[PDB]
Amino acid sequence: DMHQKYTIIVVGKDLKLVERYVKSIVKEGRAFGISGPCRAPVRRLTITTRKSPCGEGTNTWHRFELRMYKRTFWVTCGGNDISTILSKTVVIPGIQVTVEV
Amino acid sequence: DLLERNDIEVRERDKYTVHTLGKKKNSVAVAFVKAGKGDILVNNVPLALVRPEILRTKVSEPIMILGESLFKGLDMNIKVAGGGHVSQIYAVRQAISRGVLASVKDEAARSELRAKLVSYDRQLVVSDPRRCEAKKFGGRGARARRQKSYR
Amino acid sequence: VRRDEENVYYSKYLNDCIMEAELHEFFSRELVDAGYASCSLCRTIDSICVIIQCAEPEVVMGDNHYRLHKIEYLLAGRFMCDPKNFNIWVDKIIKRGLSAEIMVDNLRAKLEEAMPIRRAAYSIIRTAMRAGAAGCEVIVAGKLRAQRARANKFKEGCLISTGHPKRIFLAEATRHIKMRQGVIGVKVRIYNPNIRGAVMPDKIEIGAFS
Amino acid sequence: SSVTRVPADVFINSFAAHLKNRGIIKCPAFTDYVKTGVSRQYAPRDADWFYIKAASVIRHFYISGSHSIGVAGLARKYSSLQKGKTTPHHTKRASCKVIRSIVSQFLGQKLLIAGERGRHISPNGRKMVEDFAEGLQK
Amino acid sequence: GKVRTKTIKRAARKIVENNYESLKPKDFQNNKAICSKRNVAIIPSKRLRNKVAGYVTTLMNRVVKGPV
Amino acid sequence: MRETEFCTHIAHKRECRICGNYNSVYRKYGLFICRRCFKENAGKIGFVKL
Amino acid sequence: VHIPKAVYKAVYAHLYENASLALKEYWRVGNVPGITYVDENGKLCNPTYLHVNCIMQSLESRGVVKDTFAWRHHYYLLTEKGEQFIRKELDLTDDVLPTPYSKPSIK
RNA sequence: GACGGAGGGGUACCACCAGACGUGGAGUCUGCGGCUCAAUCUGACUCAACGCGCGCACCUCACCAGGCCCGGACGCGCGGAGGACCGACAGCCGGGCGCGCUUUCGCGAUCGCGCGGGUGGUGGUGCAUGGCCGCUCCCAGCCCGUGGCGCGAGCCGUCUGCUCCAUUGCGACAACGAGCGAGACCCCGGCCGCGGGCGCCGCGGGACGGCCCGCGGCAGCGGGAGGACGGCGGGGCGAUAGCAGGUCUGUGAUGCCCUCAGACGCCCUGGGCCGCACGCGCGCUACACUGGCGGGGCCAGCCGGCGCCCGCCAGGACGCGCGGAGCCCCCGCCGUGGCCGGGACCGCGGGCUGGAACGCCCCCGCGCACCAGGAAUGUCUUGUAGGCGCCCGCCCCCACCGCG
């Protein structure tokens, strides 16, 4: 079995959604020698816009921040086994799964 | 520089027996102790060597108040990353003093000896909650604003 | 420390979020009248699987299902989608009184035909009040009747308009119905104290000795 | 180690006096005319500025060692800011040509043998520079 | 000092009298864990619970000192 | 015809993405969305006031 | 205004086949992807955004195609009344069906 | 209700006091006012306008000087296909654009008209009005049911006691129960634990006014110790009610009203907002001696790539993916000299990038004012003031600005 090393990376806005997808990949992978999950440093996406559409008033500013957390899972398996794992993993719509060979 | 695995990343083998953290003003100094021949070197650098020479006298405070028999023989290798310059020295001072405390270990009243050092210097065993604050809209600095034209 | 800060996908994920805002706008453009309430696309397997949570699913299919994937086909010109690779999950949204965007359409569509503004708003308050919502804000504004704001607010419950938890039990729906005189603005709100997946901070249930 | 125990100021000043007897590097004329940096107010008056810089690069090099320091790297040890403008000063680099000569000349003496991303000391040089430090402390 | 709202004191008042059992009179530690049986009250955040768990130590102390 | 000088100028003609406005493109992260336009479309992209 | 009859008839067909169009509006010179055609010289060419809009608007103005506008985009949804008029221009046949006419049913 | 050179209490470095750094005085810059111009596009104008509407060589761009171009959809009435439209080498005019000429060439209803209608528009009215925001507001009040009191306007609870930043409570009360604000909640630290991990990063817990002593009807209230931390961490979200506050000049937010093809439509070319006594509204750098200027020990936290080779740099080539501040601290050089203080104005070059400098940087002149700032002002109590640097927003170019 040409055991390729696959790096699985998950970037998602909500910590509550991210932990659930992370748990499924760890849960599905106990049979396939899965390395434990790597938590990324939070990726801040701050945007600061003065709230007022017009220029009136002491410009007050909206700091709008989007937090990105990415999760690294190393797996040594066949090309099919990740596909069998896929049916079991609970798919949250819009969360990203990245297969890095 | 920032909370890494730099705690022991630099040294491989020769496991240094003691690991003691010292922190002042965003400066991290993990103290590694091997109980050698009077090596108090921190940052792989001599105690006498310092950024401010005058400041070194403050970092010799456990040495003067606590028995010198402790510093007479010891071994040290400290990874200090972060801090402007003087932040590093107090963090170093927190590290080494806690490192001497970790060495005392077995005597139950280790705290009683250490408190002579707290009485002479408080915060020599304690970490301050003082951290930089933030600016707000209309403010050049954290606790100011653009000078107001009309009351 | 050895990984590129040029992580290309880190930018890609936000592109999906503008895709989500564009999808929200896409369905807001005419499918909000068809009932569109909420959207979620899935490009993880390049399925482009989109859930259109909507008040009534049958409107887009019509009578032949011809336009059902035409919405995906409209996205096909934009994103090279294939009919059936992409999917539209237009399903049933229950307790539509809780839904806000279409609830306020239900009211300003009635006000397009022209009917007592007070009466129309009051019936809207009751049909969501029936759903267990103590307060629904039928805030209207704009050039109402006599020229001026003549803003009228209609509220029936203890809605918290302030606080981080406020957004949990509340929704906003910005809607404008244009009389020949001009834009009449309506912002709507809803009450959900019993979230059932989380707890309102103030709610102390209490207990007894026996 | 005693190379970390020789204070940086003492190491650098003492090393260049025998480097003067050595005849190593050979500081060129245009470099001793030019003012170091693109932010310096006016030329340093050290006269033997190039020779004194040469004792400055190879000491910081001992600590850098295997990781390596490129041409920008030694300019970093002496990085300064302009002190004369009506508007505020944004930090800028020192002169690249003078720095490029100091470690390129050091490659020539075989104390520094480099072939990696920018420059590394030949072991013979690391040992010899450390040996000058061995003389300096004790 | 700290002064809390009617609901916060009233929840504590309900907890100390309507389910007295033996909430602690002078000790904070039992009180810290005796207010979380789930049925006795449901509220989010440890500190919010701790607000009831603060007054309860005085209310039970008051009852021990004399009738409230 | 007009094609000879038609839009001959070559320079950025960048516009706000959601709107047709030209100012405040705000291409910080490649979001070519508008600034006044951004307030109407921030939560959907995942940014929040916190 | 010179709009090729080959640009016209092939363009009508692209819209007819998918019953859809999503174009970021372009004020002036543009090339619309998804629609390609054959010039009098036998060259494969793509049409122009200025020209395409002038026909797109005309078919929604005829009422043959329903259209939406989301700030700077045209979303075209073809009508059944429209399909008959498209056949009256393309010289194609009634049996031919738009590709989304059926098959998106989800169980 | 609102006022009050009315009283009785509260409270806030937007109030003040003990202090601090200021600003106003100096130069310089940016934004106004006021001028000038073909044109200086404009909105704002006490806090709550005036480095603000997210970086004008062009575009933006609103304005000025010049011109091209239709993009007058859809229906009928026409004109009418070898005749609707539309392109054109030279010789031009003309920066120029086959625009329109001389020209002699190509097209092929794809359409031109007439109408009715669509047609855009940073064009007016924000006292048509949406949305959103400024303020009232370092600021706590709001209202409902039932019952009371009043012919009623309204009262009562919602309070002439105490406490709290705060109807914040605790007591007491023709009110009695509810609520919405404030709280709670959320975001980041003070610390630790569990799983882990590359990127130390996800999940829990924990300082509770808990306890001590004094007072407290009691709520609270000081003095205290343990203790990561003392009784909100640094932040956000913020009631009812308003304002004829601001924005039609962000918009598929738009009403009325205008310009609708010699256009207020839309493209090009050159302007202008970078003009401009004095006056201002922020800023910035100075006046040196805790300062210089000095080589030469350095040090970060935002969270960030480097190498090599020529070139003083500016930069340029050739490449590989990879990495950090200033002040200060060093020894020195240096007399109180508008100084080797300061860095202006401005000759001479080297470049950058851009269609294009009128943008900018570096090198080398040069050494403006200014030698401690009059009234009158601000802004702030610990990691705070100040001092000193980094990054971003915009942007080919360019920060003194702002968020950090």
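Here the Cβ is made from the backbone with ideal geometry for all residues, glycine too, and neighbour counts use every protein chain on show. Since every read-out is calculated from the coordinates, none of them should be taken as a lab result.
A few notes on this one:
- Backbone phi angles across segment C:32-40, fed through the Karplus curve with coefficients 6.51, -1.76 and 1.60 (θ = phi - 60°), yield HN-Hα couplings of 4, 5, 5, x, 4, 10, 9, 9, 8 Hz in residue order; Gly and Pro are listed as x.
- Ignoring the sites themselves, chain B has its longest run without chymotrypsin sites (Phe, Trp or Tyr not before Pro) in a DSSP loop having at most 15 other Cβ atoms within 10 Å at B:1-136.
- The GNM of chain C, with springs linking C-alpha atoms under 10 angstrom apart, assigns the highest mean-square fluctuation among C:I45, C:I160, C:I177 to C:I45.
- With contributions of -39500 (n - 2.57) from each DSSP H run of at least four residues, the per-residue ellipticity at 222 nm computed over the protein assembly as shown stands at -10500 deg cm²/dmol.
- Taking only the Cα atoms of segment B:14-68, the radius of gyration and Dmax are 12.2, 34 Å.
- Taking other Cβ atoms within 10 Å as a rough exposure proxy, A:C77, C:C39, D:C96 sort from fewest to most as D:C96, A:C77, C:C39.
- Within the straight-line cut-off of under 17 Å between alpha carbons, the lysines reachable from D:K127 are D:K110, D:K138, sequence neighbours fewer than 8 places apart in one chain being disregarded.
- Long-range amide H partners of B:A31 with built H, under 5 Å: B:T20, B:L21, B:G22
- Order of C:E5, C:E205 under a 10 Å beta carbon neighbour criterion, fewest first: C:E5, C:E205
- With Cα atoms, 0 to 90° folded angle of helix C:70-79 axis to chain C main axis: 60 degrees
- Expressed in Å, the radius of gyration and Dmax of the Cα atoms of chain E are 11.0, 32.
- Ranked list, fewest to most other Cβ atoms within 10 Å of each Cβ, for G:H2, D:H67, D:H120: G:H2, D:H67, D:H120
- Basic side chains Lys and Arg get +1 at the Cβ, acidic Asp and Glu get -1 at the Cβ, and with that the dipole of segment A:5-100 about its Cα centre reaches some 260 debye.
- Within a straight-line Cα-Cα reach of under 20 Å, E:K51 can be paired with the following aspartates and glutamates, leaving aside sequence neighbours fewer than 8 residues apart in one chain: C:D202, C:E205, E:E17, E:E21, E:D27.
- Taking label positions 7 Å along the Cα-Cβ direction at both B:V45 and D:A72, the computed distance is 2.5 nm, reported to one decimal.
- If the Kirkwood radius is taken over C-alpha pairs of chain B, then at 20 °C and 1.002 mPa s the Stokes-Einstein diffusion coefficient equals 127 µm²/s.
- Karplus-based coupling profile of segment C:9-15, in residue order and whole Hz: 5, 4, 5, 4, 4, 5, 4, with θ = phi - 60° in 6.51 cos²θ - 1.76 cosθ + 1.60 and x standing for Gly or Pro.
- Diffusion coefficient, µm² s⁻¹, Stokes-Einstein with Kirkwood Rh over alpha-carbon pairs of chain G at 10 °C and 1.306 mPa s: 109 µm²/s
- GluC sites (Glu not before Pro) lying in DSSP loop within segment A:1-99, provided at most 12 other Cβ fall within 10 Å: A:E56
- Each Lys and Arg contributes +1 and each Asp and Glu -1, all at the Cβ; summed about the Cα centre of chain B, the dipole is approximately 1320 debye.
- Sequentially through segment C:43-56, phi angles give Karplus couplings (6.51, -1.76, 1.60; θ = phi - 60°) of 10, 4, 10, 6, 5, 6, 7, 10, 9, 9, 5, 8, 4, 9 Hz, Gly and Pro residues having no value and appearing as x.
- Extreme residue, positive dipole direction of segment G:38-107, given options G:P104, G:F85, G:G63 (C-beta unit charges): G:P104
- Neighbour cut-off at most 16 other Cβ (10 Å), DSSP loop, chymotrypsin sites (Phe, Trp or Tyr not before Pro), chain E: E:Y20
- Comparing mean-square fluctuations of D:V103, D:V34, D:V57 from a GNM of chain D with C-alpha springs under 10 Å, the top value falls on D:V34.
- Less than 5 angstrom separates the built amide H of B:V80 from those of B:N43, all sequence-distant by 5 or more or on a different chain.
- DSSP beta bridge pairing in the protein assembly as shown, given as percent antiparallel to the nearest 5: 95 percent
- Trypsin sites (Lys or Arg not before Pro) within segment A:1-93: DSSP coil, no more than 14 neighbouring Cβ in 10 Å: A:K51
- Dipole of the protein assembly as shown [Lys/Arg +1, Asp/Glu -1 at C-beta], most positive-end residue of A:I95, B:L113, E:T7: B:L113
- Choice from C:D105, C:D63, C:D91 showing the highest fluctuation, given a GNM over chain C with Cα pairs closer than 10 Å: C:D63
- Angle in degrees between helix B:86-104 and the longest Cα principal axis of chain B, rounded to the nearest 10: 30 degrees
- 17 Å tail of the calculated P(r), segment C:100-191, as % of Cα pairs: 45 percent
- DSSP loop GluC sites (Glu not before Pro) with at most 15 other Cβ within 10 Å excluded, longest remaining stretch of chain G: G:41-107
- Placing +1 on each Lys and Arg Cβ and -1 on each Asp and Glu Cβ, with no other charges, gives the protein assembly as shown a dipole about its Cα centre of roughly 4660 debye.
- Which listed pairs, of C:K166/C:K203; D:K77/D:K97; A:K13/G:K103; C:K110/C:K178; A:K5/B:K79, have C-alpha distances above 24 Å, in listed order: A:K13/G:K103; A:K5/B:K79
- Segment C:9-92 shape via C-alpha gyration tensor axes, a/c threshold 1.5: prolate
- Given in Å, the Rg to one decimal and the Dmax to the nearest whole number for the Cα atoms of the protein assembly as shown are 36.7, 107.
- Taking every residue in G:25-35 and counting other chain Cβ atoms within 10 Å of its Cβ, the average works out to 2.
- Value of D in µm² per second that Stokes-Einstein yields for chain D, Kirkwood Rh from Cα pairs, at 20 °C (1.002 mPa s): 136 µm²/s
- Proximal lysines to B:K105, defined as alpha-carbon separation beneath 20 angstrom and excluding residues fewer than eight positions away on the same chain: B:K15, B:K34, B:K37, B:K72, B:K116
- Kyte-Doolittle at least -1.0, axis length at least 18 Å by Cα - qualifying DSSP helices, chain G: G:5-18, G:49-62
- The angle separating the long axis of helix D:8-22 from the principal Cα axis of greatest extent in chain D is about 70 degrees.
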